[PDB]
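1. enclosed are the sequence and the experimentally obtained structure.
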Amino acid sequence: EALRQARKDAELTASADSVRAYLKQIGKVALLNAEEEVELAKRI
DNA sequence: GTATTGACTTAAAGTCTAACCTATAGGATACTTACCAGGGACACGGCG
């Protein structure tokens, strides 16, 4: 509950440091596995 | 001294050929979030 509000408040922060901001934005998307890779490549 | 021609050799190109740089591509086990001051003035967010 309070932890949830804390996490949300955190997500709305700049962190100034541009490396820090990019390192934050790259973690949004999860990784994949082999079958996901092959289906994705087939789509491409 | 100042008017010439006929050779006689020479550096500077002008060019063809060869090697030595240069722009570029590629590489398939798997690896997935880096790292001691003060002193004054002005502006922004909270609280009453």
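-> Thanks, I have the structure now. Residues are numbered from 1 along each chain as shown, chains lettered A, B, ... in the order given.
2. which residue ranges of chain A form helices?
-> Per DSSP state H, chain A carries helices over the ranges A:2-11, A:18-26, A:34-43.
3. what's the angle between the first one and helix A:18-26?
-> On the basis of axes from the mean of the first three to the mean of the last three Cα atoms, to 10 degrees, helix A:2-11 is oriented at 130 degrees to helix A:18-26.
4. quick one on the thing from earlier: for the helices of chain A, give me a markdown table that also has distance to DNA strand B and mean neighbour count.
-> Where you see a C-beta, it was placed from the backbone N, CA and C, and this is true even at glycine. Output for the helices of chain A, formatted as a markdown table (distance: least, Cβ to the nearest atom of the strand, whole Å; neighbours: other Cβ atoms under 10 Å):
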| stretch | distance to DNA strand B | mean neighbour count |
| --- | --- | --- |
| helix A:2-11 | 12 | 8 |
| helix A:18-26 | 4 | 11 |
| helix A:34-43 | 8 | 9 |
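5. the residue most central in space within chain A and residue A:42: what is the separation?
-> Centroid-nearest residue in chain A, with Cα atoms, centre = their mean: residue A:28, separated by 1.1 Å. Per Cβ to Cβ, to the nearest Å, residue A:28 is found 24 Å from residue A:42.
6. tell me the spacing between residue A:28 and DNA strand B.
-> Going from residue A:28 to DNA strand B by Cβ to the nearest atom of the strand, to the nearest Å gives 8 Å.
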